[PDB]
Amino acid sequence: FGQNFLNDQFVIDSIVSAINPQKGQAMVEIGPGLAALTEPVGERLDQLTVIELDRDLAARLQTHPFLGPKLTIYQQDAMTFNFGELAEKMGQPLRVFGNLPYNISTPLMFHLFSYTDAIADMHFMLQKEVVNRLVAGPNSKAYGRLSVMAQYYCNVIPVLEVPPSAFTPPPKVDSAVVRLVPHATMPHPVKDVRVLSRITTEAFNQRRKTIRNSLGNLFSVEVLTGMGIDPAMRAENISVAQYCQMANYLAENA
Amino acid sequence: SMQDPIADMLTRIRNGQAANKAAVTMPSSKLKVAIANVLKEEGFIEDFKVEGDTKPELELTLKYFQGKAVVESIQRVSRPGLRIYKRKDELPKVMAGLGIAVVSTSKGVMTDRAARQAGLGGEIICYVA
Amino acid sequence: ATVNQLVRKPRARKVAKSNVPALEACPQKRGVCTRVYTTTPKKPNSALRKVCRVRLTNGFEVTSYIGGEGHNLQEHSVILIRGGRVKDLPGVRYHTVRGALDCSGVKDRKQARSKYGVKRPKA
RNA sequence: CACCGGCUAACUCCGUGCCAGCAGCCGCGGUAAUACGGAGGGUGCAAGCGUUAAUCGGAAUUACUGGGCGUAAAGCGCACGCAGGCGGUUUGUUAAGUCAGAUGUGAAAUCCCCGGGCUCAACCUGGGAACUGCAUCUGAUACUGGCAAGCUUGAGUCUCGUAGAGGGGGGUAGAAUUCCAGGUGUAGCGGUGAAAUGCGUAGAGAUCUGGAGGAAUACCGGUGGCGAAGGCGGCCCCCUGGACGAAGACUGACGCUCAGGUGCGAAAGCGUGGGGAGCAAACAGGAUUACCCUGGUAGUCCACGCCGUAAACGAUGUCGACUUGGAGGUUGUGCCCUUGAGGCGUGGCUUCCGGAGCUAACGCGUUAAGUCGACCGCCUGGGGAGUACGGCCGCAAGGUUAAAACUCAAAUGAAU
C-alpha cells in the first residue's frame, strides 16, 4: 500500500532547528526510508545508530553517495528489542526522533517509558487530535487514559504543526510535533504501575457516570471520602495526583 | 376566517374575468350594492341583480369588448389592517384620468371626479383601471 | 414586513466603518519614523516595495508606503501621512506625502510634478 | 494644473526587461509596453488645478412611498393559550376617528414668484406666496368605533351509526436463539482469500425428548390506515381521546391569530432500584498489509425522575374565499328496479400526470410555489462564528439568548 512522505521544504526547517542535534549525542532515528528526514541532517553527527526493519532498504542504504561508514545499522523490529542495551555502549541517554505511520506510533513510547534513564528527550510528529490529548488537563474532553499515563512519565510539549498540504497524496488529517523529555524525579511515585493502569482504565471505561458506581467496583464511598475524593464527580475531573493516591492505597491496603 | 368581504368581491370579479366567465354571484350587502351601482354607471359591468329574502345573493354580469376583458385591473386600497383617508385636494387619479377611484364620502359612494365636483373627501375603497 | 411588526420594531440601518481609523477624520497626520525597510508583495506581483513604520501624535502606530523612486528617510524622521491603501501589500492603508516636513521631492521628475513635491524646472 | 488601456473626452516614438515602478476597480511590467520613466502631439478646466478627509446620492443595499423566506441568507420540532392586532349581517342612536367651512396662532431673516437699486453679476431691498402644524366654534353622516335591539349562513350542543398498528393498564399463544438435564454416537467443529486464538475424548459438533429465562411478533402487508408532531404492528378484556356520515331540533357572532407563558418531544446520555436470551461502543486476544476473526463491559429491557436536541424534511407558518381537466386508492350514504359487485347520484381523506398563471431555471399546478385578506416568526456579502464575555437552565454532558477586532473580492443557486 502507499505511505505519504513529507515533501515541503518550508515546514521541515522548524523540526531540524527544534531538535538541534549536536555532536556527542546518540541519535536512533527509526525508519529512514528515503532519508527525507536525515538528509537535512547535514550538520551531521559523526555517527548515528539506525534501526531499519527492512533488509531491502538496509541493503540499498549502506552507500548512498556520502553516507557510507558513519552509522551502525540494525535490522530488528524496534518494538521487540532492548533499547537500554545500547545505553552502556555509549554511556549516555539516547536522543531519538521519527516520522512513523501514526498507526504504529503509539506502542513505542510505552515500550520506551519502561527503559527510562536510557532515554533523555523525544521529538516526534503525531496527529493533532492525539497531540491535544497528550498536553491536555482535567475538566476537558481531551482528557483521557493516554494523558494520565503519559503525564505520569514525562513532560509533553507541542513543537510544530504540519498543515496537511506538505506531504505527497496529502490525507484528511493534520499532523504536529511535540517535545517530551522524562521527568528527573517522580512527583507521585507508585509502587506498581500496572495497578495504576488498572484504575485509570476502569475509571475511564465509564467516563460519563459518577465514580460512586463507575469506580465502585473496587472502592466504597467512605473510603474515597477518606482520601478527600468527591464520590459524585466524573472520571474526567480526577487529577493525575489523585489518581496516584488510590493507586498507592490499593497496594498499601489489601 | 373571513375578515374583509369587499376584497372578496373584487377578487371574485378579477378571477371571473380571467377565466372568461359570464356572471358571478356572492352574498350581498348594502356596501357591495352601492359599489356595484357605481361600477355599472361607468360601463365596467353589464348589470347587477339581487335576489333572495333571508339570504340575499348579488349576481353580476361581466363584459367583454372583443376577446378582451374590459376590467383591466381592480385593486383594493384601504384594508382592515391599514385605512386610507384623503382630503379634497389629494384625491388620486388612476391612469392619469382614464380610470376611476371609488370614494366613500359623507354623501354616499361616488368616483373621485364626482367627489371633486362636490368638494368632499372621504375613504378610498378601490382603484379600477 | 407587516405594518404591526414594523410599528413594534423599526427598520435599522447598518453602521458604516471607516477604512482609515488612525486618521480620526483628519485629512493628514504627523508621525515619527521608527523603522525603514522593504517588503515583498502578494501573489502575481514581484517587487521590493518600500514601506515604513510610523508613530503618530495621537498614539497609533501604523505602516505607510513611500512612492516614487528614491528617498532619504531614516530613523527619527518626521513625516506627514495621508489616506490611501496599497492593494497588493496586505496591511498598508496610508501613503506618505512627498515634499512635506522631512520627506523630499523626487529627483528629475517632469510629469505630474505636484504629486511628488517637485518645483517647476526653472529651465 | 491634471490627464490620454476600459469605465472616460484625448496616441505615437525612445529607454527598461516580473527590475525600476504604477494602481479607484479590473489590472499592467520576464526584449516592438497606446498602462512604468522622458519627448512630440492632443483632451479637460483656468487664477486656479489636483490629492486627502467628511455627508447625501447612485443603493429598491432596512424597501412607508418601495424587497424577500422549496433549492441562493431566511417558516420556531409540534400544540394550547393570557395581553395585543383583526372581525359576518339588519335597524336605531351618538358623534370619538373621518370630511367641510370659519376664527386665533405658526417671530424676523432664509427658500420660491413678480418688481426696484449698485455700469452687470454676486450682493442689497418692496410686496406676495408658503410655513404641509396645533387649538377652538359650526355643520355632514357614507365608512370605522361606542351604545341598544335583532338575524342565521361562521362557530358550537343533542339523537343514531361507521372505519382505524390513536393512547394507558392487565392477561395469554406459537415459531426461533441460548442454557440445563436426559437418550442414540464417534472425532472433529467454527472461521477466513488461506490460517490462528477458540470448543472437544470429563464425548464435542449432529439428531430426538423434557424444562428455564429474556427480547421481539413470520405469512396478512399494500404505493394501505391512525395521530398536532415525535410516532404507532401477534391475540383477548377493562378505561379513554379525536375524525367522518344521515335526518331533525337547539344556542345566537359565542370568531381567527398569537409576543411573554404552559405542556408534549426519536436515538444517544445521566440518577435511584431491578433484569439480562440475542446483539454490541470501550476493552482483551489472533491474523493480513485499511476493512477481517474470536471473546466481551456500559447500553439496548422495566418502574420513577432528569436531559430538550436531529437532513425533528414536504428543507414549504396557521385560518378563510375564488379559479379549465385526466387516470388511480381508501372509507360512509340516498334513490330505482333488483342474480346485482346493476344503473343514477352525494360527502371525507389520499397518489400520479398536466392547462392558464407564476418562477432565474428546475419546477408548482383546486392538497398551489396561481388570484386575494388577517395575524405571527425570521433574513440583510463570504470567513472569524452559532464562537468569546454576561444572564437564565442542568447532577454532568451541555442547552438557550448572542457580538466585535481582524481578513477576502468574491462566496452562491439553477441550467449548458
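Chain naming here is simple, since letters A, B, ... match the order of the sequence lines and numbering starts at 1 in each. For the numbers below, each heavy atom of this structure counts, side chains included, while hydrogens, waters and symmetry mates do not.
Using a 4.0 Å heavy-atom criterion, one finds that B/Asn15 contacts the bases of the nucleic acid, with or without backbone contacts as well. C/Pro10 comes within 4.0 angstrom of nothing in the nucleic acid, heavy atoms only. Within 4.0 Å (heavy atoms only), B/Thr105 reaches at least one base atom of the nucleic acid. Nucleic acid contact for C/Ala12: base, since at least one base atom lies under 4.0 Å from a heavy atom of the residue. As judged by a 4.0 angstrom heavy-atom cut-off over every strand, C/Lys50 is placed among residues touching the sugar-phosphate backbone only. Across all strands, B/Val103 comes closer than 4.0 Å to no nucleic acid atom at all (heavy-atom distances). Heavy atoms of C/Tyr65 sit under 4.0 angstrom from primed sugar atoms or phosphate atoms, though from no base atom. A/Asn237 comes within contact range of no nucleotide atom at all, as no heavy-atom separation falls under 4.0 Å. Using a 4.0 Å heavy-atom distance criterion, B/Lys32 is classed as making no nucleic acid contact. Counting any heavy atom pair closer than 4.0 Å across all strands shown, B/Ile125 reaches no nucleic acid atom. Heavy atoms of A/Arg212 sit under 4.0 angstrom from primed sugar atoms or phosphate atoms, though from no base atom. Within the 4.0 angstrom heavy-atom criterion, only backbone atoms of the sugar-phosphate kind lie near B/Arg14; the bases stay farther away. Here B/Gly16 lies out of heavy-atom contact (under 4.0 Å) with every strand. Here C/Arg8 lies in heavy-atom contact (under 4.0 Å) with sugar-phosphate atoms only.
Using the rule of two distances under 3.5 Å, D/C120 and D/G325 do not count as a Watson-Crick or G-U wobble pair. Pairing check for D/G97 against D/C143: the two satisfy the Watson-Crick or G-U wobble geometry, each of the two atom distances being under 3.5 Å. With both atom-pair distances required to fall under 3.5 Å, a Watson-Crick or G-U wobble pair links D/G127 to D/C113. Remark: the bases of D/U172 and D/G334 do not meet in a Watson-Crick or G-U wobble pair with both edge contacts under 3.5 Å. Under the 3.5 Å cutoff applied to both distances, D/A249 and D/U157 qualify as a Watson-Crick or G-U wobble pair. Applying the 3.5 Å cutoff to both bonds, D/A368 and D/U324 do not register as a Watson-Crick or G-U wobble pair.
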Only distances under 3.5 Å count here; give the side-chain donor-acceptor pairs of residues 106-118 of chain C to other protein atoms, sequence neighbours excluded, each with its distance to 0.1 Å.
unit_1   : atom_1 : unit_2   : atom_2 : d
C/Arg109 : NH1    : C/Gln111 : O      : 2.6
C/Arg113 : NE     : C/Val118 : O      : 3.2

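For D/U333, classification of the furanose by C1'-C2'-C3'-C4' yields a north pucker, on the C3'-endo side. Sugar pucker of D/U132: north, since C1'-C2'-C3'-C4' comes out positive. The pentose of D/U251 is categorized as north (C3'-endo side) on the basis of a positive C1'-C2'-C3'-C4' torsion. A south sugar is assigned to D/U217: the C1'-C2'-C3'-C4' torsion is negative, on the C2'-endo side. D/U366 has a negative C1'-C2'-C3'-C4' torsion, placing its sugar in the south range.
For the contact set between residues 72-97 of chain B and RNA chain D, defined by any heavy atom under 4.0 Å, the members are B/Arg79, B/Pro80, B/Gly81, B/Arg83, B/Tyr85, B/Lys86, B/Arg87, B/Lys88. Residues of residues 27-42 of chain C that place a heavy atom closer than 4.0 Å to RNA chain D, in numerical order, are C/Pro27, C/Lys42. Residues from residues 53-64 of chain C that place a heavy atom under 4.0 Å from any atom of RNA chain D: there are none. Only C/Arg109, C/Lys110, C/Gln111, C/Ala112, C/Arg113, C/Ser114, C/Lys115, C/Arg120, listed by number, bring a heavy atom of residues 108-123 of chain C to less than 4.0 angstrom from any atom of RNA chain D.
A stacking criterion of 5.5 Å and 30° is not met by the six-membered base rings of adjacent nucleotides D/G203 and D/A204.
In this structure the side chain of C/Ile79 never reaches within 4.5 angstrom of the side chain of C/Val32, judged on heavy atoms. Residues C/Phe60 and C/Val54 fail the side-chain proximity criterion, which asks for heavy atoms closer than 4.5 Å. At least one side-chain heavy atom of A/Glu202 sits less than 4.5 Å from a side-chain heavy atom of A/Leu218.
Annotation: D/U217 and D/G305 have their P atoms spaced 26 Å apart (nearest Å). Between the P atoms of D/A216 and D/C232, the separation comes to 12 Å (whole Å). Here the separation of D/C353 from D/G365, taken at their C1' atoms, is 11 Å to the nearest Å. Across D/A369 and D/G252, the matching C1' atoms stand 41 Å from one another, rounded to whole Å. Across D/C69 and D/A414, the matching P atoms stand 16 Å from one another, rounded to whole Å.
Nucleotide D/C219 carries an anti base; the chi torsion (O4'-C1'-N9-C4 or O4'-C1'-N1-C2) is more than 90° from 0. Annotated as syn: D/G222, whose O4'-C1'-N torsion sits within 90° of 0. Applying the 90° cutoff around 0 to the glycosidic angle, D/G340 is assigned syn. For D/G37, the base is anti relative to its sugar; the glycosidic angle deviates from 0 by more than 90°. The glycosidic torsion of D/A39 lies more than 90° away from 0, which places this base in the anti conformation.
Rounded to whole Å, atom P of D/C322 lies 14 Å from atom CD of B/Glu57. Straight-line distance from the CZ atom of C/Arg85 to the P atom of D/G27: 14 Å, rounded to whole Å. Spacing between atom CG of C/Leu6 and atom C1' of D/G67 amounts to 12 Å, rounded to whole angstrom units. Between the P atom of D/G50 and the CZ atom of C/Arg82 lies a distance of 16 Å, rounded to the nearest Å.
No side-chain donor-acceptor contact under 3.5 Å links B/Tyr85 and B/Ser78. Side-chain contact, A/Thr201 with A/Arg145: a donor N or O sits under 3.5 Å from an acceptor N or O. Side-chain contact check for C/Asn58 and C/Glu24: at least one donor-acceptor pair (N or O, by modelled atom type) lies under 3.5 Å.
Heavy-atom neighbours of C/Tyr37 OH from other residues, nucleotides or ligands within 6.0 Å: above the threshold of 12. Within 6.0 Å of the NZ atom in B/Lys63, the count of heavy atoms belonging to other residues, nucleotides or ligands exceeds 12. Heavy-atom contacts from other residues, nucleotides or ligands closer than 6.0 Å to CZ of A/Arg198 number 12 or fewer.
B/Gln3 inserts its side chain toward the minor groove: at least one heavy atom sits under 5.0 Å from a minor-groove N or O atom of a base pair.
Nucleotide D/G225 is matched to D/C232 when pairs are restricted to Watson-Crick or G-U wobble geometry with both distances under 3.5 angstrom. The nucleotide D/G185 finds no pairing partner, because no Watson-Crick or G-U wobble arrangement with both distances shorter than 3.5 Å includes it. Nucleotide D/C3 has D/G42 as its partner under the Watson-Crick or G-U criteria, with both atom distances under 3.5 Å.
Taking the centre and axis of the six-membered ring of A/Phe204, the NZ or CZ atom of A/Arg207 falls outside the cone set by 45° and 6.0 Å.
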Report summary line: The contact string for nucleotides 280-308 of chain D, one letter per nucleotide 5' to 3', using protein heavy atoms under 4.0 Å with B, S and - for base, sugar-phosphate only and none, comes out as -BBS------B-------SS---------

